[PDB]
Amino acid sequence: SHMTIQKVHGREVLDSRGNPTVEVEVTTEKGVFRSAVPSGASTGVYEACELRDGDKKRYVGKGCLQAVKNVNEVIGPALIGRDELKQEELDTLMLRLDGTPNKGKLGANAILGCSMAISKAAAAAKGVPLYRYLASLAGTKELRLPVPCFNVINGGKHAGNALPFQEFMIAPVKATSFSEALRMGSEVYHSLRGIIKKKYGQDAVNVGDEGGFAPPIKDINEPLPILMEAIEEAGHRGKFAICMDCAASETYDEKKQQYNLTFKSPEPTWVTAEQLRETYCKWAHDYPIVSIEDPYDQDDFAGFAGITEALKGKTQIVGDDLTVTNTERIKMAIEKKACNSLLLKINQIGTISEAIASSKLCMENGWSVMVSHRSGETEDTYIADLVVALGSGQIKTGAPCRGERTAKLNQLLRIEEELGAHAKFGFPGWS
């Protein structure tokens, strides 16, 4: 009938690293609703299946023709004529079409694009913006613009440097609006570039996958003074906090049960989890570090729990690979008091309904939720709407550099403008 889904079409497009990913368009009488799927590099072993073709003759095996075929030939034909308003029903249909816990049959990258585009078609059907529609789905009482955590010095897996830990971020927590937050973040970012150029030279100011600088730094402590210097120089002393994403699993050796802090270097530097805790306690004390994500390997619940307790009320501990936006893993984390913040990645789980369920479970258990991009992004801006819709007050979506990051930041500007001067900003705990 007239208001239902008319067409569903997937296509392979490129992500911000030039790798294929999936985009889906759901067409209704209200228009064409397009959603693209991001792709991680430091993907947790428990993430929902990202289905790649493995054809060495295309994109050296990273094609998404099969996931796209799954959208075009399996999921889409199922959705035609369906009521896009029925988000849970359609997500559940898609889960059942796949029939596997990890979305390994159809691919989470086939499913998620559908889930996303359905929600956008549904928002259009309701005649509200996506963030309003998602807030209704989530039962969110109060929308808010999030404080952005800007990953401004890039390290880890496939950043061009020795730096083993992945993200050194700045967050304008004392900004009083998103507009002001974004400008401050950009201003610090610009100061930071001059600071890095002066200290490490010209060659040090090219950018990593998420638009942070990729200076030739090996030691994980070295970026922090630089961050404080840039904050100061930009004129924003006292306005900012620091967030870390260690992505510690990427450095972890399971057999040795130790972390290699020079895993991108010829010689290894094996450090224990107890040595890491010392480092994190020192970090939290020496700097305004309000968030540490994946400080330990993804199955080290005990390490996570120890640092969560140690930095309780000072520094939230964010599960990313630990939790993989998955209520099963989240329940394990709650049971162990392993962390108190969810990094919410729609493509870690693969449907909007499930991502929303994860956010609600975390918040009911008193965690914060930081909606997140992946290191492989697109021009898609869904997470801008999603973070506002969840009212979580926290987003990480890149340095204020590179279009696949600024697209989200800009969308947040647009949402902020729509919500007007009484719209809440930031994370109350950090304000």
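In this text, rigid core is short for the largest set of C-alphas that superpose within 1.5 Å between two forms. In this text, residue numbers run from 1 along the sequence as written.
Query raised in the report: Which of the two stretches, 151 to 159 or 230 to 238, moves more in 5 other deposited structures of this protein when the core is held fixed, judged by C-alpha RMS distance?
Result: Taking the RMS over all superposed structures in 5 other deposited structures of this protein, 151 to 159 lies farther out.
**Report entry** Which of 342 to 350 and 162 to 170 strays further in 5 other deposited structures of this protein - Cα RMS after rigid core alignment
**Finding:** Taking the RMS over all superposed structures in 5 other deposited structures of this protein, 162 to 170 lies farther out.
Query - Entry-level comparison of average CA B-factors, 91 to 99 and 328 to 336, reporting the higher stretch - result: The recorded data point to 328 to 336.
Report task. Determine, for stretches 20 to 28 and 414 to 422, which one has the higher mean CA B-factor as deposited. Result -> Mean B over CA atoms: larger for 414 to 422.
Query raised in the report: With respect to the C-alpha temperature factors reported in the PDB entry, which of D245, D209, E73, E274 ranks highest?
Result: Among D245, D209, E73, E274, the highest C-alpha B-factor in the entry belongs to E274.
Query raised in the report: Of the options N109, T251, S359, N151, which has the highest CA B factor as deposited?
Result: Highest CA B-factor of the listed options: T251.
**Report entry** Position of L224 among the chain's modelled residues by C-alpha B-factor, lowest, middle or highest third
**Finding:** As the PDB entry reports it, the C-alpha B-factor of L224 lands in the highest third of its chain.
Query raised in the report: Among the modelled residues of its chain, does the C-alpha B-factor of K69 lie in the lowest, middle or highest third?
Result: Its C-alpha B-factor, which the entry lists for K69, ranks in the lowest third among residues of this chain.
Report task. Determine, from the deposited record, the chain-internal third of the Cα B-factor for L261: lowest, middle or highest. Result -> According to the entry, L261 has a C-alpha B-factor in the chain's highest third.
Requested in this report: Sorting the chain's modelled residues by C-alpha B-factor, tell me whether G366 ends up in the lowest, middle or highest third.
Outcome: Top third by C-alpha B-factor.
**Report entry** Third of chain Cα B-factors occupied by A117
**Finding:** Lowest third - that is where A117 ends up once the chain's C-alpha B-factors are sorted.
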